[PDB]
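Chemist: Here's a structure for you.
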There are 2 protein chains.
Amino acid sequence: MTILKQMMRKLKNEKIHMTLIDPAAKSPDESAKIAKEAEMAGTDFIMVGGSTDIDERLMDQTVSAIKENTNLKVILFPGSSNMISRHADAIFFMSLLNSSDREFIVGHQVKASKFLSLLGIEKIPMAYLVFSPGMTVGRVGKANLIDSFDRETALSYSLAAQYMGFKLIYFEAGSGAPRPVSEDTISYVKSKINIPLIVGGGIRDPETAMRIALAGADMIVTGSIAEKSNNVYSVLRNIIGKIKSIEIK
Amino acid sequence: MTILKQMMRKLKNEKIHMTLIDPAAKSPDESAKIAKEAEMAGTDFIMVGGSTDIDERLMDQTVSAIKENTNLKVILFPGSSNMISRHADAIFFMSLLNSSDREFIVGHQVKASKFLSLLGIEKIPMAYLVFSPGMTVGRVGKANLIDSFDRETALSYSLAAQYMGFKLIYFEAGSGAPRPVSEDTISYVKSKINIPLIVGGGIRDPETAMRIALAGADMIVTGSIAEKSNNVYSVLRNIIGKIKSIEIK
């Protein structure tokens with residue numbers, strides 16, 4: 001019935017991959033081409049969002065082009081911003097739990113909730129935990145960065161998120177991070193929580209995606225990675241095929 | 001199976017009443033006497049907690065005495081504190097969303113989560129929204145007090161709580177408040193959310209409990225109200241009988 005239910009059902013059989021498209025990075029038509037190549041590569045959902053703040057008209061154009069060019073559901077990834085498009089299928093309702101500023105824990109969320117209640121868009125509660133180095137979202141979101149290897153702090157935040165009712169936990173290294181969050185942190189936390197763990201940031205090749213998925217990530221988020229659109233398919237296939245080869249206990 | 005599931009099943013038939021016992025106010029044995037009288041009066045659950053910080057030994061003694069003297073489940077009501085007793089059946093995992101200080105939104109919660117994960121206690125996610133006047137918890141929790149009549153701010157916080165995954169919303173006027181949160185605010189918010197609404201603070205007589213339940217509160221929280229234990233039963237019966245007389249659509 002819902003994207004969240006689709007995710008939970010899919011996790012019984014395979015790891016999930018999602019492709020994040022930054023609407024500020026390319027034109028709506030180029031974004032749609034990228035989305036179609038990612039669909040063919042086997043990605044499960046398109047995420048749309050970034051750190052660069054843009055107007056709702058551009059958000060609308062990007063989401064509309066993607067939905068016209070693919071059969072995938074589109075999930076908004078607001079991060080530290082209050083970006084919305086009413087054309088998206090779902091939105092990760094994200095709380096940056098390790099921010100020093102209440103504005104990114106509950107501020108933007110409270111300001112956006114009424115408008116969101118007027119829309120048919122699906123609201124998926126997600127705990128957004130920003131790890132070292134954090135990159136732009138770490139800076140803009142005022143994160144008290146969780147060190148990638150500080151698995152006990154990761155666990156405290158993840159358990160708190162679970163006990164607050166969040167349905168997904170997102171380990172965020174930051175867009176462009178040289179390396180993703182530690183495998184040891186991922187495995188340690190995954191062994192102790194009962195909601196899905198998503199890892200994004202610093203995953204740009206099949207071997208990295210494989211080691212992160214094997215460490216315990218339930219879903220992997222990457223960009224389109226390839227500079228040229230005509231190379232996105234081959235690049236994403238190699239990644240997706242690998243993580244979807246893992247047998248799920 | 002769980003206290004939360006018991007609550008949801010009960011709400012299909014009747015309004016809920018819970019009796020809050022402050023372990024700092026009376027001796028453990030007196031608390032247990034109060035709990036037994038409240039059980040006979042028809043209360044659904046015993047809540048244990050307050051604003052006065054106490055040692056875990058006193059918490060343990062109070063919860064143990066109550067559980068030895070009644071057949072009711074005991075739910076911890078930490079408020080702005082990190083009070084715990086391992087003898088309780090459940091804990092409201094409370095986030096004071098309208099606090100100005102992140103410490104009461106996520107701070108204490110992150111510090112307590114690991115210990116809580118070591119316990120069999122049931123964790124029930126609750127959004128804790130403190131309204132004017134707020135009393136002691138409003139002061140200590142550093143609340144940006146929601147005016148009792150500011151129904152749109154109430155709605156924004158309640159919808160944000162729902163979209164973050166909280167399972168219960170608690171409208172808190174503060175212990176000892178002269179009047180509870182406005183009926184108009186309660187009805188306005190209740191018409192727009194899909195999780196239960198709990199109202200506490202300022203409810204000390206049957207007519208107040210009746211008007212708050214009719215306005216749209218799903219559960220009512222009161223203290224034992226009566227100065228003398230031998231009068232608790234009659235005082236709580238009159239309240240509980242009234243709110244449990246409301247037909248649920």
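FYI, nothing fancy with the structure tokens labels: chains A, B, ... in order, residues from 1 per chain, ligands from 1 as they appear.
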Once you count only C-alpha atoms, which residues of chain A turn out to be within 10 Å of chain B? Could you give them as a count of residues only?

Modeler: 49

Chemist: I need the alpha helix (DSSP H) residues of stretch 58-148 of chain A per DSSP on the backbone, written as JSON, numbers by chain.

Modeler: {"A": [58, 59, 60, 61, 62, 63, 64, 65, 66, 67, 68, 69, 102, 108, 109, 110, 111, 112, 113, 114, 115, 116, 117, 135, 136, 137, 138, 139, 140]}

Chemist: Residues near residue A:36, anyone? I mean within 8 Å using only C-alpha atoms, not counting same-chain ones fewer than 3 positions away, as a count of residues only.

Modeler: 7

Chemist: With a distance cut-off of 9 Å and only C-alpha atoms, select the neighbouring residues of stretch 220-232 of chain B, excluding the residue or stretch itself and same-chain residues fewer than 4 positions from it, and output the selection as a PyMOL selection string.

Modeler: chain B and resi 15-22+30+33-35+37-38+41+47+175+197-205+209+212-213+236-237+243

Chemist: Write the residues of the preceding selection, restricted to C-alpha atoms, as a short mmCIF file (atom, residue, chain, number, x, y, z; two decimals), in the first residue's frame.

Modeler:
data_model
loop_
_atom_site.label_atom_id
_atom_site.label_comp_id
_atom_site.auth_asym_id
_atom_site.auth_seq_id
_atom_site.Cartn_x
_atom_site.Cartn_y
_atom_site.Cartn_z
CA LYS B 15 -11.90 7.04 27.17
CA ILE B 16 -8.84 6.14 29.24
CA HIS B 17 -7.94 7.42 32.70
CA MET B 18 -4.48 7.14 34.24
CA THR B 19 -3.50 8.03 37.81
CA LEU B 20 -0.14 9.77 38.23
CA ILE B 21 1.66 9.15 41.53
CA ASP B 22 4.59 11.39 42.44
CA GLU B 30 1.16 5.43 50.97
CA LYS B 33 -2.48 2.49 49.13
CA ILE B 34 -3.32 5.30 46.71
CA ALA B 35 -2.73 2.98 43.75
CA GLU B 37 -7.82 2.89 45.76
CA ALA B 38 -7.35 4.19 42.20
CA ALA B 41 -12.02 3.52 41.28
CA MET B 47 1.85 6.43 36.08
CA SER B 175 1.24 19.74 37.56
CA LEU B 197 -4.13 12.60 22.43
CA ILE B 198 -3.46 12.59 26.19
CA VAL B 199 -4.29 15.64 28.33
CA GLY B 200 -2.88 16.22 31.81
CA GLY B 201 -2.57 19.13 34.18
CA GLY B 202 -5.40 21.04 35.82
CA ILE B 203 -7.97 18.21 35.86
CA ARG B 204 -9.17 17.77 39.45
CA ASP B 205 -12.97 17.43 39.28
CA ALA B 209 -12.53 15.75 33.15
CA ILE B 212 -11.77 17.70 28.39
CA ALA B 213 -12.71 14.16 27.33
CA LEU B 236 -11.56 9.17 41.41
CA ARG B 237 -14.70 7.08 40.85
CA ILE B 243 -15.43 9.96 31.35
#

Chemist: For the strand (DSSP E or B) assignment from backbone DSSP, which residues of stretch 88-248 of chain A qualify? Please present them as a count of residues only.

Modeler: 33

Chemist: Neighbouring residues of stretch 142-150 of chain B were defined as those with any atom within 8 Å, considering only C-alpha atoms; residues of the same chain fewer than 6 positions away were excluded. Please report them as a VMD selection string.

Modeler: chain B and resid 96 98 to 101 129 to 134 173 180 to 182 184 to 185

Chemist: Taking 5 positions as the minimum chain separation for residues in the same chain, which residues sit within 9 Å of residue B:81 when counting only C-alpha atoms? Answer as a tab-separated table (two decimals) with N, CA, C and O atoms, in the first residue's frame.

Modeler:
chain	number	residue	atom	x	y	z
B	50	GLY	N	7.36	12.63	38.42
B	50	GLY	CA	7.10	13.98	38.87
B	50	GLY	C	8.18	14.93	38.40
B	50	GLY	O	8.99	14.60	37.53
B	51	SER	N	8.17	16.12	38.99
B	51	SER	CA	9.18	17.13	38.71
B	51	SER	C	10.32	17.12	39.72
B	51	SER	O	11.41	17.61	39.40
B	52	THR	N	10.09	16.59	40.92
B	52	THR	CA	11.10	16.56	41.96
B	52	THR	C	12.02	15.36	41.75
B	52	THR	O	11.58	14.21	41.80
B	53	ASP	N	13.31	15.63	41.52
B	53	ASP	CA	14.26	14.56	41.25
B	53	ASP	C	14.59	13.79	42.53
B	53	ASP	O	14.82	14.37	43.59
B	104	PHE	N	16.51	18.65	26.38
B	104	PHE	CA	15.21	18.06	26.70
B	104	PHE	C	14.47	17.54	25.48
B	104	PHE	O	13.41	16.92	25.63
B	108	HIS	N	18.81	14.04	27.13
B	108	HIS	CA	18.54	13.00	28.13
B	108	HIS	C	18.17	11.68	27.47
B	108	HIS	O	18.49	10.60	27.97
B	141	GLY	N	12.01	22.30	32.18
B	141	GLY	CA	12.22	21.82	30.82
B	141	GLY	C	12.51	22.88	29.79
B	141	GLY	O	12.70	22.56	28.62

Chemist: Considering only C-alpha atoms, return as a PyMOL selection string whatever protein or nucleic-acid residues lie within 12 Å of residue A:57, sequence-local ones (same chain, fewer than 3 positions apart) excluded.

Modeler: chain A and resi 23-24+28+53-54+60-64+83-87
